[PDB]
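Reading the structure
One-letter residues, chain by chain:
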Amino acid sequence: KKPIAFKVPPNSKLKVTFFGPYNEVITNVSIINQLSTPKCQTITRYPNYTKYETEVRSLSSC
Ligand SMILES: [Cl-]
Ligand SMILES: [Cl-]
Ligand SMILES: [Cl-]
């Protein structure tokens, strides 16, 4: 299980969803970036997975 690297856009939360063979959600992890510049972060712990997808959400007020 090598690290997987992700670029988190400025002022955002990146949500990574791991999926299995039947398109089922295994788990989710997330990474915040409060900075005004993009930032790379690695995920080193994760379950066995078939694929992942990512989503970006804003850290602005709700
Ligand atoms: Cl970016
Ligand atoms: Cl970061
Ligand atoms: Cl991690």
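Inspection of the secondary structure assignment puts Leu35 in the loop between strand 3 (25–33) and strand 4 (39–43). For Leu35, a relative accessible area of 38% gives the class partly exposed. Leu35 sits 32 residues away from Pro3 along the chain, and the two C-alpha atoms are 22 Å apart. Those residues in contact with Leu35 that sit more than four places away from it in its chain are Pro10 and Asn11.

Attention now moves to the sheet that holds strand 5 (residues 51–58). Within the open sheet, the 3 strands sit side by side as 3-2-5. Their pairing is antiparallel. Where the open sheet ends on each side, the last strands, each with one partner, are strand 3 and strand 5. Neighbouring strand axes in the sheet, compared pairwise and without regard to direction, differ in orientation by 20 degrees on average. Where strand 2 (residues 12–19) and strand 3 come together, 8 bridges link them in antiparallel fashion.

On to the pattern of salt bridges. Following the criterion strictly, the structure yields 2 salt bridges and no others. We note a salt bridge from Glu53 to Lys51, for which the minimum N-O separation is 2.7 Å. Under the relative-accessibility criterion, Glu53 is labelled partly exposed at 39%. Across the salt bridge formed by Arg57 and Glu55, the nearest N and O atoms sit 3.0 Å from each other.

Turning our eyes to something else, we now look at the nonpolar core. Counting residues in hydrophobic clusters, the biggest one holds 9 residues: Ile4, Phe6, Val8, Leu14, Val16, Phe18, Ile31, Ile43 and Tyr46. Those elements that provide at least two residues to this core are strand 1 (4–8) and strand 2.

Right, let's get into a nonpolar patch on the surface. The grouping of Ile26, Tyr49 and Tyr52 at the surface amounts to a nonpolar patch, some 240 Å² of accessible area in total. Topologically, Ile26 is positioned in strand 3. Classification of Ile26 by relative accessible area gives partly exposed; the value is 34%.

What counts and what doesn't
Residues numbered from 1 in each chain as written, not as in the entry; some residues may be left out. Chains lettered and ligands numbered in written order. Heavy atoms only, no water. Helix = DSSP H or I, 4+ residues; strand = E, 2+ residues; numbered from the N terminus. Buried < 20%, exposed > 50% of the residue type's maximum accessible area, 1.4 Å probe, protein only. Contact = heavy atoms within 4.5 Å. Pairing = 2+ DSSP bridges. Axes fitted to C-alpha atoms, helices over the stretch in contact; angles between N-to-C directions. Salt bridge = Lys/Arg side-chain N within 4 Å of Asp/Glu carboxyl O. Core = buried A, V, L, I, M, F, W, Y, C linked by side-chain atoms within 4.5 Å. Patch = residues over 30% accessible without salt bridge, like charges linked within 9 Å, V, L, I, M, F, W, Y side chains within 5 Å. Areas by Shrake-Rupley, 256 points an atom, 1.4 Å probe, with all protein chains shown as cover.

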